[PDB]
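Taking it in order: structure first as structure tokens, then the write-up.
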Amino acid sequence: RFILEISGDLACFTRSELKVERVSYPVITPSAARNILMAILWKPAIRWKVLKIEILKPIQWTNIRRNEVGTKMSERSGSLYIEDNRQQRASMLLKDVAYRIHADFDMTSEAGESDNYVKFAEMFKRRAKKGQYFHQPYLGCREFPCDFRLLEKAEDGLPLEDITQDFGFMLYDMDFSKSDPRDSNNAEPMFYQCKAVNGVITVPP
RNA sequence: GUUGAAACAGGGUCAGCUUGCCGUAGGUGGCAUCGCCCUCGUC
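Mapping of the first sequence onto PDB author numbering: residues 2 to 206, in sequence order.
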């Protein structure tokens with residue numbers, strides 16, 4: 002288990018419902034929490050698994066309308082001209098977040114030869130303490146960086162001390178099981194937070 | 001290296017135009033510097 006300690010000035014774990022008008026999930030999504038732990042280290046042998054988020058700064062919001070673009074980019078049309086494809090996505094962002102994601106991982110079917118769980122474990126451990134990553138972890142949106150740390154047990158004060166808000170059914174981790182290589186056909190599994198007692202435990206599927 | 005990506009607040013718009021702080025009003029009226037005091041005493 003790794004008690005990595007994602008933190009950042011802003012964060013947007015955009016609720017699936019309020020995607021066009023981004024309203025962040027009140028805490029780190031276990032998908033966004035996990036994909037962060039793939040940004041620091043991943044390989045198609047490691048399969049990350051968030052075991053317990055722990056909120057470390059209170060759920061505080063700042064709305065940010067960004068002139069986002071409306072349409073994907075495409076081989077077909079060789080430019081956007083944003084002023085033609087403009088959209089103004091509001092973003093109820095999570096200001097001053099922090100999350101100590103108690104996450105571990107497993108070995109996939111394609112673990113390869115060097116399937117050593119300890120190898121990837123210490124690889125990620127060195128990456129996180131050193132600060133290395135494949136990708137500066139995205140707090141839900143890459144516009145938001147995860148000023149992370151690989152805590153050992155506990156090195157920050159979690160604010161939802163007494164029993165606190167149950168954020169309801171949050172996106173857990175989009176189901177890339179039916180997908181071929183590179184996540185084509187997925188689905189969304191979702192979870193009762195369970196509550197936020199003081200740091201939400203997640204459910205392994 | 002399979003997992004939210006890409007994304008503007010843009011582009012720009014004199015707060016201007018202009019309008020007496022004025023007209024006008026005694027500082028007056030009035031009040032003793034007074035009352036008084038050997039330059040002496042003397043060589």
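Note that the Cβ used here is the ideal one computed from N, Cα and C, for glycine as well.
(message) So for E153, helix, strand or coil by DSSP?
(response) In the structure shown, the three-state DSSP call for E153 is coil.
(request) Spatial neighbours of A155 within its chain, please: CB distance less than 8 Å, with the 5 preceding and 5 following residues excluded, ordered by chain position. (result) Correct list, in chain order: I4 and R101.
(message) So, with DSSP's three-state summary, where would you put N64?
(response) In the three-state reduction of the DSSP assignment, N64 falls in the strand class, which pools E and B.
(message) Assuming the contact rule is C-beta atoms closer than 8 Å, residue 217 and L159 should be a hit. Round their C-beta distance to whole Å, please.
(response) Nothing can be reported for residue 217, as the shown portion of the chain is limited to 2 through 206.
(message) According to DSSP, is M39 part of a helix, a strand, or is it coil?
(response) It is helical.
(request) May I ask you to list the residues that DSSP assigns as paired with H136? (result) Its beta-bridge partners do not exist; DSSP assigns none.
(request) Quick one: grab the DSSP three-state call for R128. (result) Here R128 sits in helix by DSSP.
(request) Thinking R90 and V21 are a contact (beta carbons under 8 Å), I'd like their distance in whole angstroms, please. (result) Indeed, because the Cβ distance is near 6 Å, the residues count as touching under 8 Å.
(message) Can you tell me whether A188 is helix, strand or coil according to DSSP?
(response) The three-state secondary structure of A188, taken from DSSP, is strand.
(message) Output needed for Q137: all residues of its chain with C-beta closer than 6 Å, excluding positions within five of it in sequence on either side, in chain order.
(response) Within the same chain, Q137 has close Cβ partners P146.
(message) Going by DSSP in three states, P146 sits in which element: helix, strand or coil?
(response) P146 falls in the strand class under three-state DSSP.
(request) Please report how far the alpha carbon of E111 lies from the alpha carbon of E84, in whole angstroms. (result) Each residue's Cα considered, the two are about 45 Å apart.
(message) Determine whether the beta carbon atoms of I7 and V28 lie at a separation below 7 Å.
(response) No.
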